[PDB]
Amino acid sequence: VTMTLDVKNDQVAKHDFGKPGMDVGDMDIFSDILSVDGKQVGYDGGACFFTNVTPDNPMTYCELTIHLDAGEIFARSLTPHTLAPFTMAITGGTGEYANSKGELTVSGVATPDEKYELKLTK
């Protein structure tokens, strides 16, 4: 099962803790509307914790839940948090996606042009 999801950010909190500006311990909490071919197919919610920030690369531990009609999909990542694609591990899901594994690649994170490419093994 594959899916190309267009991601429209719904709400986002970019929490600046600690030292002003992006640094270890900051965190983003967010929700998105998911679409395919211009039709909404579901939504998601997630949190990213900035575990390591250098000027070239802010590293995040991210947790994401996707809600689709057939069920939910759970993913997690420890990756650079940039526009370059990064791949989250799909650890499971519910409904049609129970006991699923696979990968979710995030492109253009935290921009209007964000997309997910899902590859599920089930």
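A residue's number is simply how far along the shown sequence it sits, counting from 1.
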Between 74 to 82 and 50 to 58, which has the higher average C-alpha B-factor in the PDB entry?
50 to 58
Per the PDB record, is the mean Cα temperature factor higher over 95 to 103 or over 14 to 22?
95 to 103
Reading the B-factor column for Cα atoms of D32, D69, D28, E63, the highest value belongs to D69
Looking at the C-alpha B-factor of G38, is it in the lowest, middle or highest third of its chain?
highest
